[PDB]
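First up is the structure itself, then whatever we jot down about it.
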Amino acid sequence: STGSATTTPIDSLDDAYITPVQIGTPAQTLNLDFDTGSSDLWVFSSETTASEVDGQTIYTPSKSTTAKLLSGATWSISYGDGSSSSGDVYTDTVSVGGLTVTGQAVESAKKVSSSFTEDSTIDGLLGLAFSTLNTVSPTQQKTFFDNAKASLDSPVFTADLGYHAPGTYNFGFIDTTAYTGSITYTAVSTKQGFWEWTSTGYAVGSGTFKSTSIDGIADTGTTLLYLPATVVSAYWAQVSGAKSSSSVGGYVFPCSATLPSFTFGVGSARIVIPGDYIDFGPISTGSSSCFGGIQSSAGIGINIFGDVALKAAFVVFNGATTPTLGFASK
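With the authors' numbering, you'll find the sequence shown wraps up at 330, consecutive numbering, no jumps.
This is the structure:
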């Protein structure tokens, strides 16, 4: 089997991407944030505290003839951005772009933190990291990809995120029309539960490539590119007036600037992020200070190849017995 679904930016900055997902019988369609940095499929629901729901579409398990309470199971998750959610668990039928999994754990939120309530466009998350990170207790549950893998034509999914435009998540096949050149594959460590890999270096604009190993994660659920402070300083030093602002929480730059591109290495290959992809607009409405799309990872503990990086590439998440990642230009 295969599946193919379009993913759409939630706003004009590409702060996140939502993908329609069918849950239950008859289908209830919710727009979920596909997140290769986590491993829970959770949804706003009929059980979510009413004051914490503000415009989202909810899953109502009592209206699904295939929903079954997973007795005794609870879940609770906290994300790197400080947000969180928790609740109980049903199993139900879940379909993405024509690919159907029966018995998928659908984690129903009883509580969500303020940032989720405040984002009316995201109805939940669909985790695509390794199932060892799934938070369901006392019986850990598998991701949608893990449940579907055996049935797929090939045990892979691909992320093709658009810049200020829709893109595609495919399951079970590699669309050879969606990229240019060849796909360069690189080794993955699953030791932390992430799609964790080592970039071979970077360049800023037209500058020379610096060969240096950068361990990080391919994370569709993170908006920006988070890299070591040395790398980030080298980037922003090429933008007149750019500075790190503690009060804003990262590098900002004059909105009048033309940003240089940023290149990252995948083995001997190179992925070029155009400068425009690094502009996240005014820090506040009307400001002439703009927020940068490349930021320091120094306070995280891990480097994150988030959407800013991934959207410049066609990315293969290869879930073979030994997982690997593939990157192609497009």
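C-beta: ideal position from N, C-alpha, C; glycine also.
How long is the line joining the alpha carbons of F173 and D153, rounded to whole angstroms?
Looking at the two C-alpha atoms, the distance is approximately 7 Å.
Does the region 321-328 come close enough to the region 234-249 that 3 or more CB-CB pairs lie under 8 Å?
Because the criterion of three Cβ pairs below 8 Å is not met, the region 234-249 and the region 321-328 do not touch.
With H, G and I counted as helix, E and B as strand and the rest as coil, what does DSSP make of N134?
Correct three-state label for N134: coil.
Under a Cβ-count criterion, where at least 16 other Cβ atoms within 10 Å of its own Cβ denotes burial, should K63 be classed as buried or exposed?
By the 16-neighbour rule on beta-carbons within 10 angstroms, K63 is exposed.
I'd like to know whether the C-beta atoms of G193 and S39 end up nearer to each other than 8 Å.
Taking a C-beta distance under 8 Å as the contact criterion, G193 and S39 qualify as a contact pair.
Coarse secondary structure for residue 366, derived from DSSP in three states:
Residue 366 lies beyond the range of the chain shown here (1 to 330); nothing can be said about it.
DSSP on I122, reduced to helix/strand/coil?
Of the three classes helix, strand and coil, the one that applies to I122 here is coil, per DSSP.
If I follow the unbroken alpha helix (DSSP H) through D175, where does it start and stop?
Here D175 belongs to no alpha helix (DSSP H), and DSSP marks it neither H nor E.
Bridge partners for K68 per DSSP, in chain order?
Paired residue(s): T91.
Determine the direct distance from the alpha carbon of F157 to that of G319, and round the result to whole angstroms.
The straight-line gap separating the alpha-carbon atoms of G319 and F157 is approximately 8 Å.
Pull up the distance between the alpha-carbon of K68 and that of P138, whole angstroms please.
Near 17 Å, if we compare the C-alpha coordinates of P138 and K68.
Would you mind working out which of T184, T121, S240 sits nearest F264, comparing C-alpha positions?
Considering only alpha carbons, the answer is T184.
Examine the Cβ distances between the region 247-256 and the region 177-191 and report whether three or more of them are shorter than 8 Å.
Contact between the region 247-256 and the region 177-191 is not established, with fewer than three Cβ pairs separated by less than 8 Å.
Whose CA, out of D15, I278, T220, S199, lies closest to the CA of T212?
Nearest of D15, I278, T220, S199 to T212, Cα basis: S199.
Within its chain, find whatever has a CB closer than 8 Å to the CB of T66; leave out the 5 residues flanking it on each side and keep chain order.
Sequence-distant Cβ neighbours of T66 in its own chain, meaning closer than 8 Å and more than five residues away, are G24, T25, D92, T93, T102.
For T230, the three-state DSSP class (helix, strand or coil)
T230 carries a helical assignment under DSSP once its states are collapsed to helix, strand and coil.
Out of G3, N31, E196, point me to the one whose CA is closest to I10's CA.
Ranking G3, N31, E196 by CA distance to the CA of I10 puts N31 first.
Pull the bridge partners of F305 from the DSSP assignment, please.
Among the bridge pairs identified by DSSP, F305 is matched with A218, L225.
Residue from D14, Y169, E107, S206 whose Cα sits closest to the Cα of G98:
Considering only alpha carbons, the answer is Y169.
Can you tell me whether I300 is buried or exposed, with buried defined as 16 or more other CB within 10 angstroms of its CB?
By the 10 Å Cβ count, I300 comes out exposed.
So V21 packs on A73, CB below 8 Å; how close in whole Å?
The pair is not a contact, with the Cβ atoms about 20 Å apart (cut-off 8 Å).
Any idea what DSSP makes of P61, helix, strand or coil?
Note: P61 maps to helix in three-state DSSP.
Three-state secondary structure assigned by DSSP to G167:
Strand.
Contact set for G293: own chain, Cβ-Cβ below 7 Å, skip 5 residues either direction:
The residues are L224, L225, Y277, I278, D279, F280, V308.
Extent of the continuous beta strand (DSSP E) run through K111
Going by DSSP, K111 is part of the beta strand (DSSP E) stretching over 99-112.
What separation, rounded to the nearest whole angstrom, lies between the Cα atoms of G221 and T208?
Near 30 Å, if we compare the C-alpha coordinates of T208 and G221.
On the criterion of 16 or more Cβ atoms from any shown chain inside 10 Å, does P61 qualify as buried, or is it exposed?
Counting Cβ neighbours within 10 Å, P61 comes out buried, since at least 16 surround it.
Please report the straight-line C-alpha distance between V315 and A159, rounded to a whole angstrom.
Rounded to whole angstroms, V315 to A159 spans 5 Å at the Cα level.
Measuring only the C-alpha atoms, how far is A5 from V96?
Pairing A5 with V96, the inter-Cα distance amounts to about 6 Å.
Quick one: measure Cβ to Cβ for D219 and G37, integer angstroms, because I've assumed they're closer than 8 Å.
Taking a contact as a CB-CB distance under 8 Å, the pair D219 and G37 counts as one, their CB atoms being some 4 Å apart.
Pull up the distance between the alpha-carbon of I273 and that of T180, whole angstroms please.
Rounded to whole angstroms, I273 and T180 show a C-alpha spacing of 15 Å.
According to DSSP, is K330 helix, strand or coil?
Of the three classes helix, strand and coil, the one that applies to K330 here is coil, per DSSP.
Applying the 10 Å Cβ sphere with the 16-neighbour rule, what's the burial state of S108?
Counting Cβ neighbours within 10 Å, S108 comes out buried, since at least 16 surround it.
For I77, collect the residues of the same chain with a Cβ closer than 8 Å to its Cβ; drop the 5 residues on either side in sequence, then sort them by chain order.
Here the set comprises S38, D40, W42, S84, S85, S86, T135.
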